[PDB]
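Structural description and commentary
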Amino acid sequence: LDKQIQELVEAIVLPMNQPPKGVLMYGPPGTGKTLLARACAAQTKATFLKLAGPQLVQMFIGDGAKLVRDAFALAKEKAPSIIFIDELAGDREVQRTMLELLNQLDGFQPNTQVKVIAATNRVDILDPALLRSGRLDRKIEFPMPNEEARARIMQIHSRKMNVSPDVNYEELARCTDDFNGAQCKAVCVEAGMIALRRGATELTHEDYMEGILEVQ
Amino acid sequence: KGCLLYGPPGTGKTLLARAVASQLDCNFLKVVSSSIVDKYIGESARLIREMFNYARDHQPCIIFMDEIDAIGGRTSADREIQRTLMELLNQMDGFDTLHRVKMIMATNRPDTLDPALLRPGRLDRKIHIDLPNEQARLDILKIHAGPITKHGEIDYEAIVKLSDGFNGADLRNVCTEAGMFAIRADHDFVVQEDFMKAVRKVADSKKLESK
Amino acid sequence: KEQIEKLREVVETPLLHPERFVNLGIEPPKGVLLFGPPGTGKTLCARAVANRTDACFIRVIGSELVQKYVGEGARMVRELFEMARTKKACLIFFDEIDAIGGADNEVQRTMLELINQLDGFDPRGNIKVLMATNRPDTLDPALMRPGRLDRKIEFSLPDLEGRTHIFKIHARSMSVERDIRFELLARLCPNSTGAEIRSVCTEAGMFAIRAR
């Protein structure tokens, strides 16, 4: 997953020493982009300030622009920090604050500072007005290379989850059609959930395909 | 107190209009094209008197009006638009000394531009945005490349030739894009290698995502 | 027999053998989900209270979340979660979540703060989750559920050989005809959901009442 996070880390380290504003690092739920963007955000040495998606929409109205202009006030006044948001009428006001944001980033050029690192857990719905260099431009899907990378990030993300030493990775790597490694991680979650009633304390090989055919 | 910026020859009307606008502007008051549909009761009149009343409280201001062709009809969809046009007539042609106020109007084609609104006074000076000339691209490159640091070797023909269909704001953000790309390695000087690489790659990203 | 183990292995086992789940692999399980017709609802939870090992826990119903003079429900869920903090990860039971689920901003404070406390790992996120409701039309828990909760199953419907347990807990009716046989009531009515058997006691029991 270095081919998609390398551009992010470089893009957020270069202003401290224009950087891309919107990078879409997406994938199925349970991918681990928060623990890898935090495992690398700790290596960026900057201030790790957390922010979520539904935090903009609140009980009162007009709070989205309050948290956007407030996060851009603490970020505009403070040093270059790390803000990672996830799970990106009210939407008309979000488009007013968005077109105003890119009107201050396209009509003006003061944003030599922190950016908006956005990440979505599903790309079934995509606004056609999100296509620009300042908008979500780098849309990198799951890595096309072989299973090895999936076993590496899945093993690092699953260090506490043992594996029976009879696995070729070719059957599970081949059966997954139009699938990603996060869905296989959920397959490992369900397989480990039924591993209690299976009676075997060690996750077997057939439980992987049993989970694939179970949840997907 | 008005200006018209149309781009019939093709794309670049908002890029060059927002390039000169990006060069000089005033207090920020944007009119989004989604705040006039008014799906509920058509009470947009008090919203126009309210926003422009704030434009009366603040003496200096520039009001951007982009993509006016959809609200430039010469059903009930156009009746509220013409109502906002009557509020504009009674708003700037009313009994008020609104001389310091300024506005900018942009469109796509000079054929359905409300020839009643095309009367002098309503839009004093209009600039016909044509296709980007190579001499205005070399000039805009020589005036947008001044304050940015560069190396002793200068070759502008690669930046003029490798950039097509761009305006002052595009070539501005792409040349400064290459300046930041070359300052990533915190070097005081900027060799034109990063100019060619970042202008080529980012220029291709703008040609692909130029919608 | 199957479902009672699928819900018993998460209410009894996680407290009796904590090391078996830490060394068992993925993690100790979270809980189950009981949704559907009421039938014999809240009876198996009272059985789980009767099967308590050391200290009985405190129950929480869905009606307490909605009250007059809004603002007390947040301090109520935070004070019972604080009691869970003081009672070394005490058991928290939620009954009739449909009274607040399925999204009234004054209720959005209590239910969105409730989600912010369940999905939030501040007090604790792994003790015991369990929801007993009536209608599955709760959209918000259905979309925010896979975040932390899991193991969705039926309410009571057992397999063909599993009904005899819920009939051994439904043996507490008036009488069939005499004290000769329990199995005469327990095995002479198969293929009946855990609420359809409540329709067999209500309607077949009403037929035993209306039989002069």
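In the PDB archive, cryo-EM is given as the structure determination method for this entry, at a resolution of 8.5 Å.

1. Looking at the nonpolar core
By size, the foremost hydrophobic cluster in this structure holds 23 residues, and its most contacted members are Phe81(C), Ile92(C), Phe94(C), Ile100(C), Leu114(C), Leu118(C) and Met131(C). Residue contributions to this core peak at 4 residues, all from helix α5 (residues 72–86) of chain C. In this view, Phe94(C) contacts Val60(C), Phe81(C), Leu114(C), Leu118(C), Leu130(C), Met131(C) and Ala132(C); residues no more than four positions away in its chain are not counted. In terms of nonpolar packing, the next biggest core, distinct from the first, is built from 16 residues, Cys61(B), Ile63(B), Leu88(B) and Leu113(B) among them.

2. Quick look at unusual backbone geometry
Residue and element names in this part refer to chain C. Although it is not a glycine, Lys88 adopts a positive phi angle of roughly 45°. When you line up the elements, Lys88 lands in the loop between α5 and β3 (92–95). Look at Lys88 and you get exposed, because its relative accessible area is 79%. The phi torsion at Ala89 lies on the positive side, around 60°, for a residue other than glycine.

3. Regarding the UniProt feature "binding site: ATP" in chain A
All names here are of chain A. The sites that UniProt annotates as "binding site: ATP" are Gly27, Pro28, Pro29, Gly30, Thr31, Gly32, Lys33 and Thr34. Mapped onto the elements, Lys33 comes out in helix α2 (residues 33–41). Overall, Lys33 belongs to the buried group, its relative accessible area being 3%. Locating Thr34 in the fold gives a position in helix α2. Judged by relative accessible area, which is 23%, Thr34 ranks as partly exposed. The residues contacting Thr34, other than those within four sequence positions of it, are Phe84 and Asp86.

4. Brief notes about the interface of chain A and chain B
The interface of chain A with chain B comprises 19 residues on the first partner and 21 residues on the second. Across the chain A/chain B interface, buried area totals approximately 2100 Å², and carbon plus sulfur atoms make up 48% of it. Taken together, the connections running from chain A to chain B amount to 2 salt bridges. Residue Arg184(B) is joined to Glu10(A) by a salt bridge in which the shortest nitrogen-to-oxygen separation is 2.9 Å. The interface formed by chain A and chain B contains 7 residue pairs in polar contact. In terms of residue count, the dominant contributor to the side of chain A that touches chain B is helix α4 (residues 90–104) of chain A (5 residues). Residue composition of the side of chain A that touches chain B, by class: 6 nonpolar, 6 polar and 7 charged.

5. A short note on the interface of chain C and chain A
Taken residue by residue, the interface counts 13 residues in chain C and 11 residues in chain A. Together, the buried faces of chain C and chain A total about 1400 Å²; carbon and sulfur atoms form 56% of this surface. Looking only at chain C, the three residues that lose the most surface to chain A are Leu24(C), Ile26(C) and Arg151(C), adding up to 43% of its buried area. In this assembly, chain C and chain A are joined by 2 salt bridges. The shortest N-O distance in the salt bridge between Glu9(C) and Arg197(A) comes to 3.3 Å. Across the contact surface, chain C and chain A share 3 residue pairs in polar contact. A class-by-class count of the residues in the side of chain C that touches chain A yields 4 nonpolar, 3 polar and 6 charged.

What counts and how
- Residues numbered from 1 in each chain as written, not as in the entry; some residues may be left out.
- Chains lettered and ligands numbered in written order.
- Part of a larger assembly, values for the part shown.
- Heavy atoms only, no water.
- Core = buried A, V, L, I, M, F, W, Y, C linked by side-chain atoms within 4.5 Å.
- Buried < 20%, exposed > 50% of the residue type's maximum accessible area, 1.4 Å probe, protein only.
- Helix = DSSP H or I, 4+ residues; strand = E, 2+ residues; numbered from the N terminus.
- Contact = heavy atoms within 4.5 Å.
- UniProt positions renumbered as here; feature names shortened; annotations may be inferred.
- Buried area = accessible area lost by both parts, 1.4 Å probe.
- Salt bridge = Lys/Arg side-chain N within 4 Å of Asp/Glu carboxyl O.
- Polar contact = N/O pair within 3.5 Å; in protein donor to acceptor, adjacent residues only side chain to side chain.
- Nonpolar A, V, L, I, M, F, W, Y, C, P; charged D, E, K, R; others polar.

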